[PDB]
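S.K.: To start, I am sharing the structure in question, which I have written as structure tokens.
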Amino acid sequence: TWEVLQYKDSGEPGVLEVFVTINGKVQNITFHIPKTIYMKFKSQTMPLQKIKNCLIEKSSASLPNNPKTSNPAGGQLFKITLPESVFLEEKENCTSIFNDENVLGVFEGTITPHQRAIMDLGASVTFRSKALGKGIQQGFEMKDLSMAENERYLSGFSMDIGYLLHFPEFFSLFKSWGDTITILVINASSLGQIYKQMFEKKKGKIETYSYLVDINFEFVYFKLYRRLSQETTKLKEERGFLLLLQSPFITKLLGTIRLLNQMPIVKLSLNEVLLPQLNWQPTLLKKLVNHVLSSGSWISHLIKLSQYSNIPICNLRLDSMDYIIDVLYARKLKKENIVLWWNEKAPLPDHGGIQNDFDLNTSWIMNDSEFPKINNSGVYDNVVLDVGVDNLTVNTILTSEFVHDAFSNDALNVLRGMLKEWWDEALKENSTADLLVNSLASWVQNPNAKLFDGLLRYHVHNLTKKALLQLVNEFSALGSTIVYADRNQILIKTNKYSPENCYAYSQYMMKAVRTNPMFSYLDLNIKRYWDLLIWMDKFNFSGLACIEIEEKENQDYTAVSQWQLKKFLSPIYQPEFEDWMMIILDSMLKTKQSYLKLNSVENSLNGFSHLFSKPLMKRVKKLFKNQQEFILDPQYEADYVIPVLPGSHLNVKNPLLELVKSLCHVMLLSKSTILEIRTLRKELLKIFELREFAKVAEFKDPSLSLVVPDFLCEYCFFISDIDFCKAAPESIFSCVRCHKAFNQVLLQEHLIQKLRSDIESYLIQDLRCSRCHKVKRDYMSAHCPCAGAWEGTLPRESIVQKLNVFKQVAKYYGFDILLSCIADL
Ligand SMILES: [Zn+2]
Ligand SMILES: [Zn+2]
């Protein structure tokens, strides 16, 4: 039995080397792993050319269901096990088996012997030869003798370690058994004090992880650029150990020093480190000290992950969780009879070479990532429950030929069983299983992970939408009304009137929802209770809310006012807007309380504008007179300047008109006191010299919408949309739950992706006739057989306006890359 530390292919095909730990110290052995590919060659009779030394067998494995490939045709799939050397020497010639007629495509031609060994053999490798010397002087062959033993423990770790770091001239080194520190081109005292202070800060962690790595050390701050080779050589000839590497240029540092290829190295890339241009010494000292004194915890976590995942030490990374999922799923499918369609250095599934061709169905199924939502405006005097749904994707996965857009159900069932055992193991005190299940969704979304497929993503998204609509239907079965719906938030109207009487009601509804077999894995949390709500949009609402209802005590009520509409008013009328909004909300609360104390119409609110109509009329008259007097004054023109904000498209002149229009449109959401509001609106419009049904007296949305779907926060594995026009700042740049700043170039890149996808979608549209709405079914024709000329499904003005709003968004923030993206058109 041997614990493998690293797998690595050589420069010779079919040859591999491993830094392995024999009973004594570490040792390197030469490995030989052959190649295996999948072929669909000829229909049933083939030019065998069997004189070439290879093993050929016909199998009945499962093929990927390419939507373009709707024709089964021949199905005589073949298995080919063939050494890489003969593969390379026959690739030069043309008249060979791999290149002939009726070659449909190779399915497993990109799996290097590195991957084949790392998944087929694992870290726990041994010998059962029963020629050891002949196999140790040469490379010992595997395909005849190979088996994996148990790996519940890797080895008792007592070895030296190495440190190599770079912070973009900040080359760094440290030795576990050394007692000196030198930094390449006040500092020493700061180094000592920071070491001591964080030593008492993390006494406990240091004591726990001392057995992995073990103290004060000397300080030095070092023509000089050649000493890296000298240090690496002296470390090589002084000790045989593992090296911790941390830099944004891992490959460059590997290529600069040739001695690095001779030792087993673990990479710990945490890149994107920068300097503050001033006072860099303490921040770099903090970085170095936390790195060196948290390397123990880092290596402990790596050891746990490796000794659980049956993968060697050097093949794992702290953030590379997708790789473990890929290797274990591929191993399970290899034990099955399904082709892996594994791919490298390309974010596409391997379909035999067909995948590189453009196709309409595929291009439609990649770019349809928008998630619909429900919003029913209105004013509610009833109590409303704000609930949150969690772990929806995992529940959707676990719960639930003719169709060409169907994903292979065999793989779906395999991954469902995988996730079921994952859930069971995570239940029984397993942090690794819980973290992996959490990262499953991010693995599903991310195409950078290998073994990716767009069909599976589309299938999962469709099933998630169906599950959400089923949940809405279930919530609608009892007495309830859906105000807003989303992947994360659901607002439900409760028939009752007092929040204190909805304790058992809400608890019973949550219990009944949870007990349903379809929704057994949902986590439901209630956040807020709404006494009185004025809801018109996600970013536009106001009402009185209580956090959680208490017993024997009146609840603490706090009013909220979130109105992005207020940002489009003149800087002189916004105080009036907020004051009048507070006044009307107070009046609505007063009238509802009076109605309740008394006992499509609801007398809870009917008759609320009677309290403030005359003061409002007088205030509007005074505002109109003051605006008339002080609008053309030069020094008084500061407060009448109309603000400009991205997404704005309305050109208006008189700010008081928009003030009263907003103040009336917020009222017009009642849907039960419409006549009173209309009379008040007419009376207000009589102050101006306008009429009831004029176009200038019609309210519109002063802002457009530009939403980026499914932005991922790695710090939470959290999925939500983001509105670049309507959402306020300090929320575009940070996650909703965690307050961690987003990376800006990712935002700009996703915006560019959205714009390019929009352009392609417009260019790939279909043509529809004018009178009848039948689709154009001829590659060339003047017009419809009946009367009428063709028109496109996507109009030009829509995409023109979208490009305009992209310009506005790119101009408001500092986005140079998006500006250059537009300028190249
Ligand atoms: Zn977050
Ligand atoms: Zn027609």
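Our numbering is plain: 1 for the first residue shown, then up by one each step along the chain.
How was it done? The header gives electron microscopy, 3.7 Å.
Quick reminder: no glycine exception, Cβ is built from N, Cα and C everywhere.
Pulled from Swiss-Prot, these are the listed features:
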- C713, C716, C735, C738: Zn(2+) binding site (BINDING)
- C769, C772, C784, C786: [4Fe-4S] cluster binding site (BINDING)
- 769-786: motif 'CysB motif' (MOTIF)
- 713-738: zinc finger (ZN_FING)
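Map these features onto the structure and tell me what's around them.
M.R.: Secondary structure at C713 (Zn(2+) binding site), taken from DSSP and collapsed to helix, strand or coil, is strand. Its Cβ placed at the centre, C713 (Zn(2+) binding site) has 17 other Cβ atoms within 10 Å.
Listed in sequence order, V775, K776, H783, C784, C786, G788, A789, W790, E791 are the same-chain residues at least 6 apart in sequence whose CB falls under 8 Å from the CB of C769 ([4Fe-4S] cluster binding site). DSSP assigns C769 ([4Fe-4S] cluster binding site) to coil in the three-state reduction, outside any helix or strand.
Non-local neighbours of the zinc finger (713-738) in the same chain are 319, 371, 438-439, 441-442, 445, 487-488, 539, 564, 646-647, 703-707, 744, 747, 751, 805, 808-809; each lies 6+ residues outside the stretch with a CB under 8 Å from one of its CB atoms.
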S.K.: Based on a Cβ-to-ligand 1 distance below 6 Å, what subset of the binding-site residues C735, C738, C786 would you report?
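M.R.: Correct list: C735, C738.
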S.K.: Apart from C769, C772, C784, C786, which residues in this chain have a Cβ no more than 8 Å from the mean position of the Cβ atoms of those residues at the [4Fe-4S] cluster site?
M.R.: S770, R771, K774, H783, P785, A787, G788
S.K.: From the centroid of the CB atoms of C713, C716, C735, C738, the recorded Zn(2+) site, which same-chain residues not already listed sit within 8 A by their CB, in sequence order?
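M.R.: Going along the sequence, the neighbours appear as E714, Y715, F718, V736, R737, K740.
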S.K.: Of all the binding-site residues given, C716, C738, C784, which has the fewest Cβ neighbours within 10 Å once its own Cβ is left out?
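M.R.: Comparing Cβ neighbours within 10 Å for the binding-site residues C716, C738, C784, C738 has the fewest.
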S.K.: Identify which of the binding-site residues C735, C772, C786 has its Cβ surrounded by the largest number of other Cβ atoms within 10 Å, counting every protein chain shown.
M.R.: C735
S.K.: What is the interatomic distance between the Cα atoms of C772 ([4Fe-4S] cluster binding site) and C716 (Zn(2+) binding site), given in whole Å?
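M.R.: About 50 Å separate the Cα atoms of these two residues.
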S.K.: For ligand 2, list the binding-site residues among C713, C716, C735, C772 whose CB atom is within a distance below 6 Å of it, in sequence order.
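M.R.: List returned for ligand 2: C772.
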